[PDB]
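Position 132 of the sequence shown, counted from 1, bears residue number 255 in my numbering, the numbering being contiguous throughout.
First comes the structure, then the notes that go with it.
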Amino acid sequence: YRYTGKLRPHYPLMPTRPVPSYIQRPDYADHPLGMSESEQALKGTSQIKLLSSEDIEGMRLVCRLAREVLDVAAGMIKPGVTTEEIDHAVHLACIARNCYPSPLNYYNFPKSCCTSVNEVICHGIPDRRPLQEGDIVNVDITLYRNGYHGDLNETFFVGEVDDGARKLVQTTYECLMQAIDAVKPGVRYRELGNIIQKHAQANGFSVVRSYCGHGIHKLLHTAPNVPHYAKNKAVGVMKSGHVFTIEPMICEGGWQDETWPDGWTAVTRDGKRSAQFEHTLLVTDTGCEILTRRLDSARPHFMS
Ligand SMILES: [Co+2]
Ligand SMILES: [Co+2]
Ligand code: NA
């Protein structure tokens with residue numbers, strides 16, 4: 124394998140962390156290949172759940188808890204901390220809130236969150252590498268509580284970063300918020316990619332194509348499929364009670380991605396940096412509820 128950049132995996136990984144049996148587990152947790160029966164049984168549909176009041180409550184709860192866990196991780200971002208150390212703290216924080224870390228054994232994914240550094244686009248595997256001054260790192264938190272998943276991520280600065288990092292991360296956040304600001308009943312899912320790419324391109328950045336936002340609730344990913352690039356073919360129309368993510372991945376260079384031999388880590392083919400932000404959203408009649416929002420600050424962590 125030829126690496127696309129400077130980053131390398133730092134093995135071995137610490138042994139898999141167990142989750143006490145009293146925490147309720149999603150179906151894939153105990154599947155030998157981490158496949159999800161319940162996702163399989165809805166594999167290939169494009170019908171979008173309209174959430175019940177019970178569902179809405181379940182999604183508010185897990186999404187609030189997911190935010191608390193991201194906030195734990197955010198508190199640890201500094202030079203010298205390894206992504207495995209972050210993942211360990213995330214693992215314990217999920218358990219402390221009676222949640223299962225959704226990534227863990229999802230299709231045999233080995234860790235309890237995704238940590239994506241620099242040229243990693245998404246799905247980086249926490250490992251023994253200490254963060255370096257100048258890095259950018261995304262932590263993507265998914266929790267499972269009482270049958271529901273919630274999903275968010277932020278990109279963070281590790282110490283002082285260069286002007287390119289500041290611009291990439293600011294622009295990515297702007298793309299997310301512009302997309303969120305358009306969400307409301309009657310809007311086509313395919314429209315969000317138009318808004319995102321327009322802002323990305325205006326700032327000299329490209330938009331990852333191979334990864335999309337997604338429905339989420341009792342399934343970790345389901346309809347709708349939500350591309351972040353212009354003139355996509357996404358199917359469907361937003362309706363009150365829809366819940367899905369918007370999670371744009373923006374790149375300094377080209378949009379092309381490839382996967383490491385680990386089968387998870389997605390990287391820019393050119394080795395240039397990529398940043399991401401994600402919220403889980405619930406479509407309401409005036410617009411949407413940002414289920415994963417910060418409650419105690421107006422702004423994401425990187426603006427500190
Ligand atoms: Co997501
Ligand atoms: Co996510
Ligand atoms: Na990155």
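Using N, Cα and C, we set each Cβ at its ideal position, and we do this for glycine too.
A contact is defined here as three or more CB-CB pairs under 8 Å, and the segment 300-317 fails this definition with respect to the segment 259-278.
Under the three-pair Cβ rule at 8 Å, the segment 160-172 does not count as touching the segment 233-240. Judged by their CB atoms, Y296 and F367 are not nearer to each other than the 8 Å cut-off.
Annotation: the continuous beta strand (DSSP E) that includes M372 extends over 372-374.
Taking a contact to require three or more Cβ pairs closer than 8 Å, the segment 406-421 and the segment 385-393 do not qualify as touching. Taking a C-beta distance under 8 Å as the contact criterion, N326 and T294 qualify as a contact pair.
Inter-segment contact for the segment 130-148 and the segment 207-224 is present: three or more beta-carbon pairs are separated by less than 8 Å.
In summary, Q320 is buried, with 16 or more beta-carbon neighbours lying within 10 Å of its beta-carbon over all protein chains present. Straight across, the Cα-Cα distance linking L227 with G157 is about 9 Å. Every unbroken stretch of the beta strand (DSSP E) spanning 3 or more residues and falling wholly within the segment 264-289 is given here in chain order: 271-280. In the three-state DSSP reduction, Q170 falls in the coil class, being neither helix nor strand.
For ligand 2, no non-hydrogen atom lies closer than 7 Å to the CB of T388. The alpha-carbon separation between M361 and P350 amounts to approximately 14 Å. Distance check between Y229 and each of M426, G386, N348 places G386 closest, using alpha-carbon atoms only.
Every residue with a CB closer than 6 Å to a heavy atom of ligand 2 is listed here in chain order: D263, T265, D274, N276, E370, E401. When secondary structure is reduced to three states using DSSP, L414 falls in the coil class, being assigned neither helix nor strand. Taking 7 Å as the cut-off, the C-beta of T238 does not count as close to any heavy atom of ligand 1.
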